[PDB]
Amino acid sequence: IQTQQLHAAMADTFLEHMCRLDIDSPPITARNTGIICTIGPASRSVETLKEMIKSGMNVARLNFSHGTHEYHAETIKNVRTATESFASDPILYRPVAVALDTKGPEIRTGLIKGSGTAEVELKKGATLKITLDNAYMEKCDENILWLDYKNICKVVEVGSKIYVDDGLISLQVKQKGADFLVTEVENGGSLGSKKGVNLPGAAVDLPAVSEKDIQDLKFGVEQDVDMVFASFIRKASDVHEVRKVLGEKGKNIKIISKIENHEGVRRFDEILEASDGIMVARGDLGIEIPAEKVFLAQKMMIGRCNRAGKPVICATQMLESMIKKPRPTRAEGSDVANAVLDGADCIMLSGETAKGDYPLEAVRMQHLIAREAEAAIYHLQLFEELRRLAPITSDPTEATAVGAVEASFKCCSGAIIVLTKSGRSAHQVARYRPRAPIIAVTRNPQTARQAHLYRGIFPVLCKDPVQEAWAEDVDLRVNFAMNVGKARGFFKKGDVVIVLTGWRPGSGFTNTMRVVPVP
């Protein structure tokens, strides 16, 4: 009762649950919410990556809006060197997924005075000309600004608003020309090179998948990435385009659709159906739609992803102040906790890990907050509603999954151990949101990496050879999971755990649930 918020867990109402939340009730060891870290100059070394893994990084995200293939290939090599440095003991080895985040249909400005790091300070109530004349693509300054959206003039009008750099610089269109726009600075500030531009009024007509995106996706297949985070998905056909480009060689790569504009929110259901998962890409979303509405979009998408059993990621500015400071703001601590309470499978760090001064501290803080928030979930109602809203099916795997989760609550189990080839069995357990960690034992390295997308899954990669006698191969993997849970302090000899197995080899036959004491 006095740990894991178990007193609050037993409340008969949500209000009383809130009233019983206890800062002196410490959480379990296991942290269920996956942490996605963007890798860049601050976190790209093998040395730092080892520490990022030890601090809780589950997925390395590469943002292809920046950097050459050479650069990203080296980052990927370093991630794998760091990750495989722990491979000698499979009991302690932590799989690490690699994610390719596409540029997509972005608009960006040019170079301020010929340099990538130069800046000019735009005073408010000034005049600024936007041009498409490539003569100025590297000669941006206080007076003239080039950007790379050739067809911009057709989709904007006088009075249209144009936003630059995370929506912070604000411009109003006064006149239009053949290949320019004369604007007045509505909100000023420093203007740097190659900054993101948004046209919230307008229907931007760029390709769902550009030539650059084709190149990058090919690279992703060549580099054996686990997942693609696809930028600016507006409709199911965009998802299908990425899927078709990845083609047969990339058929097992998971597609996470990033929702970052009004159309994506409107067509969310068809996007979700077509996708392997979703990212709430709050950065651009909060520029494209009023910032005060983002929380509605966030909770709608997390809700709908939870109902569908598909992974959802909360992204962007979660611990933003930690780019410059060792500790986060109170709003940031709140945001991370509330993303977990909403139901997000994963949470993400961008500049905080890619470029900031405290990457390890940012990972460590997400880890601490997620674990406290996981204990604070009102499982009583959540599990009731998930059961009630679930399609009724004669599928034996689904019945075993729900039985296992019910059982896990009844005996407050230290874990649910699941043997899985493709991950699907463990995903089915995760969809019902147990408190207990799900130890997913697999021999498939890609399954192990991809499983990090799901709340609660702790993937472990068995490297023991296959035993002649299948039943004894099954027991070998179960015992492996016992060794892992024990070594990582999830449970100890005599605790009770749940174990899911199947009746024959191959995927699709999980049907056996056992409640067993830890050896």
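All residue numbers are counted from 1 along the displayed sequence.
Among other deposited entries of this protein with both flanking residues present, none omit coordinates for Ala436; it is modelled throughout, well short of a third.
Of the other structures of this protein that model both sides of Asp335, every one gives it coordinates; not a third omit it. When the mean C-alpha temperature factors of 382-390 and 401-409 are read from the deposited coordinates, 382-390 comes out higher. For the two regions 140-148 and 224-232, the entry's Cα B-factors average higher over 140-148. Note on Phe64, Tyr454, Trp470, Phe480: the highest value goes to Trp470, judged by CA B factor as recorded.
Based on the entry's C-alpha B-factors, the most elevated value among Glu372, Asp357, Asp213, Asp89 belongs to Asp89.
Looking at the C-alpha B-factors along this chain, the one for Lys54 belongs to the middle third. When all modelled residues of the chain are sorted by CA temperature factor, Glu121 is found within the highest third. Per-chain ranking of the deposited C-alpha B factor places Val429 in the middle third. Ranked by C-alpha B-factor against the other modelled residues of its chain, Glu273 falls in the middle third. For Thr329, the recorded CA B-factor ranks within the lowest third of the chain. Only modelled residues enter the ranking.
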